[PDB]
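Enquirer: Per this note's numbering, the sequence shown starts with residue 118, numbered consecutively.
Note that beta-carbon positions come from the ideal geometry of N, C-alpha and C, so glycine has one too.
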Amino acid sequence: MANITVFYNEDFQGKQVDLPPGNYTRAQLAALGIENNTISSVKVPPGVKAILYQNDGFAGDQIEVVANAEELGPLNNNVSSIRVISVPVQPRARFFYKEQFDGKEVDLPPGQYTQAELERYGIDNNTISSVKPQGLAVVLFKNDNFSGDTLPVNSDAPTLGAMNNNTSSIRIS
Ligand SMILES: [Ca+2]
Ligand SMILES: [Ca+2]
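#1: Helix or strand or just coil, what does DSSP make of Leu257?
#2: Do you know offhand how far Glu188's Cα is from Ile156's?
#3: Return the bridge partner residues of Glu187 from the DSSP annotation.
#4: For ligand 1, any of its heavy atoms closer than 6 Å to the Cβ of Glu188?
#5: May I ask which residues mark the beginning and end of the alpha helix (DSSP H) holding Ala210?
#6: Considering only heavy atoms of ligand 2, does any lie closer than 6 Å to the CB of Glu216?
#7: With 7 Å set as the bound, which would you pick, yes or no: does the beta-carbon of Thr231 sit closer than that to a beta-carbon of chain B?
#8: I'd like to know whether the C-beta atoms of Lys166 and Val206 end up nearer to each other than 7 Å.
#9: Does the beta-carbon distance from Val159 to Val123 come in below 7 Å?
#10: Looking only at its chain, what residues have a beta carbon closer than 8 Å to the beta carbon of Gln179, apart from the 5 residues adjacent to it on each side?
#11: Of the residues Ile240, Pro162, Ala147, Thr231, which one's Cα is nearest the Cα of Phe258?
#12: Throw me the rounded Cβ distance for the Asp261 and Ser285 pair, which I believe falls under 8 Å.
#13: Give the single residue among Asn140, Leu136, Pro163 whose Cα lies nearest to the Cα of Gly150.
#14: Suppose the cutoff is 6 Å on Cβ atoms and the five residues either side in sequence are ignored; what does the same chain contact list for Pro227 look like?
#15: Under the rule that 16 or more other beta-carbon atoms within 10 Å means buried, what is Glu127, buried or exposed?
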């Protein structure tokens, strides 16, 4: 079983609400109570992929996630339509906050990421640090689109903090 859990305030903070998978709009939500600008943050575990839609009727800027979205995105100022569909379970990785696995963690499924969603998809510009792959290998790229120097994390690294300069793009192999 699965269920996406949103948050009322940004930063994963603010009252939360669990919503079962499937496709719905402001209609179903009207039945619950939450609607419009409220999904400030999001926590979606693996096994199921979620897709948000700003304007109702599944329209307006759309988002896609499978893990826990911290900052969510820029359109967090308006939400109502969403769509989630069961997805095959796959391993992933885990990044901590404070330098020394002493800060909230964030997971990210396999795949590549840029410098825009990545940050606003799990953490932010600079704040990752200590990393810990829960199954696959993580690779950090300094410059944008996986370019410039790189820090291939082919193993556990509960302590990186001051190392490069600012992880821009990444790739979980
Ligand atoms: Ca925010
Ligand atoms: Ca350290």
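Expert: With the given structure in hand:
#1: Walking along the sequence shown from the start, residue 257 turns up at place 140. Three-state result, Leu257: strand.
#2: The count along the sequence shown starts at 1 and reaches residue 188 at position 71. The count along the sequence shown starts at 1 and reaches residue 156 at position 39. In a straight line, the C-alpha of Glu188 is about 10 Å away from that of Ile156.
#3: Position 70 of the sequence shown, counted from the start, is the residue given in the question as residue 187. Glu187 is not bridged to any residue.
#4: Counting from one through the sequence shown, the residue named residue 188 turns up at place 71. Correct: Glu188 has its Cβ closer than 6 Å to ligand 1.
#5: Residue mapping note: residue 210 aligns to position 93 of the sequence shown, counting from 1. Careful: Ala210 lies outside any alpha helix (DSSP H), inside the beta strand (DSSP E) at 210-212.
#6: The sequence position of residue 216 within the sequence shown is 99, counting from 1. Yes.
#7: Here there is only one protein chain, and chain B is not present.
#8: Working through the sequence shown from its first residue, we reach residue 166 at position 49. Working through the sequence shown from its first residue, we reach residue 206 at position 89. Result no, Cβ atoms of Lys166 and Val206 do not sit closer than 7 Å.
#9: Here residue 159 corresponds to residue number 42 of the sequence shown, with the count starting at 1. Here residue 123 corresponds to residue number 6 of the sequence shown, with the count starting at 1. The answer is yes: Cβ separation under 7 Å.
#10: Here residue 179 is taken as the residue at index 62 of the sequence shown, counted from 1. For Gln179, where only same-chain residues beyond five positions count, the Cβ hits under 8 Å are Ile168, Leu169, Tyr170, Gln171.
#11: Along the sequence shown, read from residue 1 onward, the residue named residue 258 stands at position 141. Per the Cα distances, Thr231.
#12: As a first step, residue 261 must be located in the sequence shown, where it is residue number 144. As a first step, residue 285 must be located in the sequence shown, where it is residue number 168. Right, their Cβ atoms sit about 5 Å apart.
#13: As a first step, residue 150 must be located in the sequence shown, where it is residue number 33. It is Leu136 whose Cα lies nearest to the Cα of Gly150.
#14: Position 110 of the sequence shown, counted from the first residue, corresponds to residue 227. Counting only Cβ-Cβ distances below 6 Å, and skipping sequence neighbours, we find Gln207, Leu253, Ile289.
#15: Looking up residue 127 in the sequence shown gives position 10. The residue is exposed, with fewer than 16 neighbouring Cβ atoms inside 10 Å.
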